[PDB]
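Using ideal geometry, Cβ is built from the backbone for each residue, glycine included, and neighbour counts are taken over all protein chains shown. The values are calculated or read from the model by the stated rules, or taken from the named source; no laboratory read-out is quoted.
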Amino acid sequence: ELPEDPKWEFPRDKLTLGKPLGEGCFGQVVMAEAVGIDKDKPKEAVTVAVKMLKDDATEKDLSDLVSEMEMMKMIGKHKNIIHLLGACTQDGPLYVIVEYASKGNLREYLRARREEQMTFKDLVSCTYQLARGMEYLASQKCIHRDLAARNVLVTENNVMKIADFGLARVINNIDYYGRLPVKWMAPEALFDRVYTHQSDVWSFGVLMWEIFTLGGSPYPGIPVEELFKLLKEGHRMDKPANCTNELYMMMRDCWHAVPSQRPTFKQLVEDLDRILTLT
Ligand SMILES: */C=C\C(=O)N1CC[C@H](n2nc(C#Cc3cc(OC)cc(OC)c3)c3c(N)ncnc32)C1
């Protein structure tokens with residue numbers, strides 16, 4: 001039973017479901033046409049993406065879907081986060097309607113350009129955009145907890161959009177006290193079972209590595225089983241080849257063992273701004 005939310009509710013007869021978009025990254029998402037969802041163009045049929053439950057969905061899946069939609073209402077609108085457009089919550093299956101990103105997730109996008117070839121400027125721009133996204137998320141008192149290139153969507157205009165809020169939480173001003181991907185987790189998350197914005201900053205470092213390796217798998221050659229021990233010993237990833245010394249030092253800063261010694265997203269945005277405008 002779902003309470004009605006009139007300002008977000010979209011009519012079912014104005015939604016036409018189409019091609020499935022894949023299953024392993026954001027749950028079951030389907031391409032769709034939504035008539036008059038864009039109020040700037042009230043006549044226009046708009047291409048959208050729709051998240052829904054699969055026939056084999058669990059109670060947790062239903063719970064998570066509702067929760068994720070509510071999260072999207074709380075965080076609000078920002079250029080570098082995926083936009084909620086509407087929802088069908090009454091008299092039928094739960095459909096959550098989000099912005100359509102024609103170029104897929106960042107990991108596949110970058111791997112595919114290992115056919116518009118990535119310049120150095122592009123990789124920095126990509127990095128800036130995501131930092132801006134995270135600066136906003138953190139400013140809304142939201143921790144993401146699953147920041148990876150697989151969870152980033154790319155629009156037609158190559159706009160980076162942070163997505164997948166399945167593990168995202170709204171916290172207070174104090175630390176949030178194993179469903180997180182290990183190779184992306186901060187030590188304090190892995191060992192101490194706490195999460196702050198500075199844990200997201202760690203993850204951002206791993207994302208940075210992903211971007212500059214054009215969609216590489218982190219800690220290459222190293223199984224997840226063995227990463228527990230190596231983190232305790234203070235292992236850090238080597239420098240990517242497409243990466244300047246400057247940008248790798250930013251990477252390494254994000255991978256400081258002491259969370260409060262890592263930069264904030266605000267600082268990351270300022271530094272990347274500088275780097276971007278010079279090159
Ligand atoms: C790992 C590959 C994979 O599964 N995909 C590649 C790109 C495909 N795709 N997913 C989305 C999405 C989404 C989405 C839905 C939400 O509903 C609550 C919430 C999100 O973050 C909060 C993200 C997608 C979109 N939106 N456009 C184009 N392709 C898309 C799946």
Legend entry - Of residues in segment 58-69 being more than 10 Å from the ligand (Cβ to nearest atom) and not aliphatic (A, V, I, L, M), the one surrounded by the most Cβ atoms within 10 Å (Cβ to Cβ): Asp61
Inset, instruction - Identify the residue in segment 121-161 that is hydrophobic (A, V, I, L, M, F, W, C), outside any loop (DSSP other than H, G, I, E, B) and farther than 20 Å from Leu247 by Cβ and, among all such residues, is farthest from the ligand (Cβ to nearest atom). - result: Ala138
Legend entry - Checklist (1) out of contact with any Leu (no Cβ under 7 Å at 6 or more places or on another chain); (2) among the hydrophobic types (A, V, I, L, M, F, W, C); (3) not assigned by TED's automatic domain parsing to the domain that holds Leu230 applied to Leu137, failing item: (3)
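Just to check your reading of the model, which residue among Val30, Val50, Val66, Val46 is among the β-branched types (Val, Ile, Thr), closer than 14 Å to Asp164 by Cα and in a strand (DSSP E or B)?
Values: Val30 fails: closer than 14 Å to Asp164 by Cα; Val66 fails: in a strand (DSSP E or B); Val46 fails: closer than 14 Å to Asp164 by Cα.
Residue meeting the stated conditions: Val50.
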Inset, instruction - Select, from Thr264, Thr279, the only residue that is out of contact with any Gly (no Cβ under 9 Å at 6 or more places or on another chain), under 15 Å from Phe120 (Cβ atoms) and hydroxyl-bearing (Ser, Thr, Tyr). - result: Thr279
Inset, instruction - Check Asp164 against each of (1) under 19 Å from the mean Cα position of the chain (by Cα); (2) away from the ligand (no atom under 16 Å from the Cβ); (3) surrounded by 18 or more Cβ atoms within 10 Å (Cβ to Cβ) and name the one condition it does not meet. - result: (2)
Inset, instruction - Read through the list (1) under 19 Å from the mean Cα position of the chain (by Cα); (2) surrounded by fewer than 17 Cβ atoms within 10 Å (Cβ to Cβ); (3) over 29 Å from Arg274 (Cβ atoms), then give the number of the only condition that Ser139 fails. - result: (3)
Inset, instruction - Restrict the check to segment 20-36 and report whether at least one residue is β-branched (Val, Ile, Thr) and surrounded by 17 or more Cβ atoms within 10 Å (Cβ to Cβ). - result: yes
Legend entry - Positions within segment 76-120 being part of a helix (DSSP H, G or I), touching a helix residue (DSSP H, G or I) at 6+ places or on another chain (Cβ under 9 Å) and within 12 Å of the ligand (Cβ to nearest atom), in sequence order: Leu106, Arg107, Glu108, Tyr109
Inset, instruction - Take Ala45 and decide whether it is under 14 Å from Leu85 (Cα atoms), surrounded by 14 or more Cβ atoms within 10 Å (Cβ to Cβ) and near the ligand (Cβ under 8 Å from one of its atoms). - result: no
